[PDB]
Each structure stands twice: as C-alpha cells, then as structure tokens.
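One chain comes next, on its own, written as structure tokens: the form deposited in one PDB entry.
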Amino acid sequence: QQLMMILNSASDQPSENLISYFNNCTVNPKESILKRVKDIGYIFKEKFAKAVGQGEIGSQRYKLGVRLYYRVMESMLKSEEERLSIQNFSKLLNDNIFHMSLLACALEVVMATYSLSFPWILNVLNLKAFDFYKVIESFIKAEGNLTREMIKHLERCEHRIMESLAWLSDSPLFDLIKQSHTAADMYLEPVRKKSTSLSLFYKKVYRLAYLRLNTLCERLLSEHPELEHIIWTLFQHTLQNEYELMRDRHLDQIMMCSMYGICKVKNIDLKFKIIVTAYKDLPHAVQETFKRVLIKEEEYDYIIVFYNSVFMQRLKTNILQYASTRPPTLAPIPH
C-alpha cells in the first residue's frame, strides 16, 4: 500500500525532471510518448470491460499504471543517462517496444495488486512474452517501493515466460536462436554481433531449470546422487541444440523426461508416476503440464507418450552415448 499511496496522490502527467530528459533528446519523444499513452488507454479500457462485464473501473486501473509508468521511466532514465550515448538515449525514448513493455509492466503491477491475470496484459497490448521479459529486472530495480509480494509476483511472470511463453510459436526467441545487461541495452539491440537478450535469457533459463532439477533429484535420487549431474547435461544439451522440442511446450516437461531417461539407460528402474507425483509438490506445479503435452501437431496426450514418441525420436542417438565406453562430458553447473 505504500506505493499505491504516491500513485493515488501523484500527477497524471510527466514530471518536470522527466520533461528535462525529453528536452535533452536529439529527437524529442514528448509527443510520441503521450499520444502512445492516450491511444493505448482505449484498447485497455475496451478489452478490460469485455472481461469483467459492464457497470468502467478500467479507466482508474489504467491511470494508475500510467502514473507508475511515468515514475518508473524517470527512475530508469536517471541511471541510463550515464550509461547511454546521446544517440542511444534518444533511440530508446523513441523505441515503441521498450515503451509498450514498460507500460505493460506498470499495468500488470496494478492489476495484480487489485486481484484476468498475467499473461492477460500481453495479449491485450499484443506484446510478445520475450519482449516484455527484457524490462522486468530493471523495472524492479527502478521501483524501490515494490512490496515483497509485488516483486515476487513479477519474478513469477518472468519465470512463466522462461518456462513456456517465450517458447510459443511466433516468439522472436526462435528468430534469435536461428540467427546464431539492462532493459535499455536489450531494447536497443538492432533487429539484425552477439545478442545480449538471448545470452542473459539463457543464463537465467539454465539457472532456473537446474534449481528445479536439483530439488527433484535430491528427493528421488538419494540412491544415485551422481546421476543428478549426468541428467543436467542431457537437459542442457537438449535446450542448446534441440531447442525445437520446447516449441509450444514447458521447461518442466523436458526436465522430467530427462531424469526418467537417464535412469532408464543406467538400468535404474524408476517409473514416470513416481516422479510426476514428486513434481506436483513444486510450488506452482500444475498437473496439465504433465497430463497433456504435444505429440503431433494440434494433438494433446499424456507425458509418457511425449517421452516415447517425441523425445527419443530426435535424441535416441544422443542418449545411448550416456552408457557407452565413451559417455558425453558433463555440463557446467549454472552459477
């Protein structure tokens, strides 16, 4: 409530100190930014009411998002003023996706505060999950007054993107994989040089996925504490080189298939039900991630089907190496 107070007692328009930043720009963004806000209010209020029904509360919801947005932007620009050139500073304040993403993050903070949850706001504004992800950490770092709970909600939005949404078909993420650390750096990347967006994203994916396997292996593989490290390499080599297997799927599905897979090739019998059972106890686990996965185009099925009919058909050649006289070398633990 400490933040919602300044938002409820603050102005509807950009501050004088923020107007300075606008005045220090080669191309001045003042008019592009506000018209952008005005236009977007309309798509937000329409799509809002068409979800709760009739009575218009959305206008008040949007106006607080707009106040948070202008506040967070000012805070963000104050550090980017030393980091960015005169020309990068202006390329940023004129970049639309950066702005959409920032405003979307403001709007989600209020929506979630007033518990249509994420990822509603992305589709409302037609914003790709991978673009929105680029703003979150710097958004947190730029709003000192976020509640513990608000921070925690945003980090959960970040993690849903990394686990599934950025892997949806049409995600620019795949463009970036084929082509081959702040929000402003990541939005200033030119469309077409090693990409900072993909590299940070992957450094964080690996750290997240591994935290989830490590919990899952301590409970179920106390008898094979050496197997944990062997499983991560299959998981990591999968994500790096066989990335297509995540298209429209969930990080946790590739995890579970790997730990079952290695224990099969090591002649360690542990059936899928014993792990799918252990997986549910994870904080935000949901049973459909293992109850319905993709087998064939526009087809859904149980998880063991995916393991037998999708996972091995690409990776059978790579897995048997794990038991030969020449087993593949183990992957570095993400720091």
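Throughout, we count residues from 1 along the sequence that is shown.
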property: Count class of coordinate-free deposited residues lying between the neighbours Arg192 and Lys193; result: 1 to 3
property: Chain break class for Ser115 to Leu116, judged by how many deposited residues have no coordinates; result: 10 or more
property: Higher-scoring stretch by recorded Cα B factor average, 261-269 or 145-153; result: 261-269
property: 203-211 versus 218-226 - which carries the larger mean C-alpha B factor in the record; result: 218-226
property: Within-chain third of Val66 by Cα B-factor, per the entry; result: lowest
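Keep in mind that the form deposited with a partner chain bound is missing from the display, and what follows is about it.
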item	value
Interface stretch in the deposited complex with its partner chain - options 87-95, 211-219, 105-113, 233-241, non-hydrogen atom within 4.5 Å	87-95
Interface residue in the deposited complex among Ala129, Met255, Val205, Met76, criterion: non-hydrogen atom within 4.5 angstroms of its partner chain	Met76
Contact residue in the deposited complex, chosen from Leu200, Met150, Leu227, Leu245 - any heavy atom within 4.5 Å of its partner chain	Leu200
is_contact(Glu80, its partner chain) in the deposited complex, heavy atom dist at most 4.5 Å	yes
Its partner chain contact at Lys134 in the deposited complex, heavy atom, 4.5 Å	yes
Residue contact check: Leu176 to its partner chain in the deposited complex, 4.5 Å heavy atom	yes
4.5 angstroms heavy atom contact with its partner chain in the deposited complex for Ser195	yes
